[PDB]
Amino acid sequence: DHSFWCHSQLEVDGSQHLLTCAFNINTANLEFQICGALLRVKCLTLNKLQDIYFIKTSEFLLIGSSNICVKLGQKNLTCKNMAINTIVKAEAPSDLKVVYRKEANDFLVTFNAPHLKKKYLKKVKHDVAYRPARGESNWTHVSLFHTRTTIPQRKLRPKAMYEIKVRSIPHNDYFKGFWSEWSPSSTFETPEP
């Protein structure tokens, strides 16, 4: 099986878009080529970096499907058809912060949603996950479309350290794709009751 995955990311370091692909081994003389649904060119060849392949470009039409092919000289080993606009990986949120509010007896969780400042995919659904840092527990998840939420004190054990993190996924009637990477985990402590 020479199966592979790809995801796109819109407006990474400017107006340019990022395409990333990688194999599910050895990259012996193997190259990735994308053809179709580009603005000024017929095809592009991705740039190899360690175990992954990527291209940063302004050439994506974001309309229609492309053929992504693993090639050796000119032989197609495997080709898959996919639309750049349907494999969009969201950017992870940042500046995750937790503040204990004694008067409200709760924890205020905040983070920044980078898509808000972007042009094409501005709206994502967020997934905040938290659990005690020590021991085995099922993560509690909270689904949001906004960038603050609260956790009631009573919902948590007292005098314990919690781990918390957040991720995002596209929420758009045209752009579709994948969960972002998790943000870095923050930790916070609950006081005595």
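Residue positions are given as counts along the sequence shown, with the first one as 1.
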Interval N24-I25, deposited residues with no coordinates in the entry (none, 1 to 3, 4 to 9, 10 or more): 1 to 3
Would 157 to 165 or 33 to 41 have the larger average of its C-alpha temperature factors, as given in the entry? 33 to 41
When mean C-alpha B-factors in the record are compared for 144 to 152 and 52 to 60, the larger belongs to 52 to 60
Based on the PDB entry, the highest CA temperature factor among the options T86, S94, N76, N81 is that of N76
Among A133, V124, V70, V128, where is the Cα B factor highest in this entry? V70
Quick check for you: using the entry's CA B-factors within this chain, is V109 in the lowest, middle or highest third? lowest
When the modelled residues of the chain are sorted by Cα temperature factor, does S65 land in the lowest, middle or highest third? lowest
Chain thirds of CA B-factor: placement of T20: middle
Cα B factor band for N47 (lowest, middle or highest third within the chain): highest
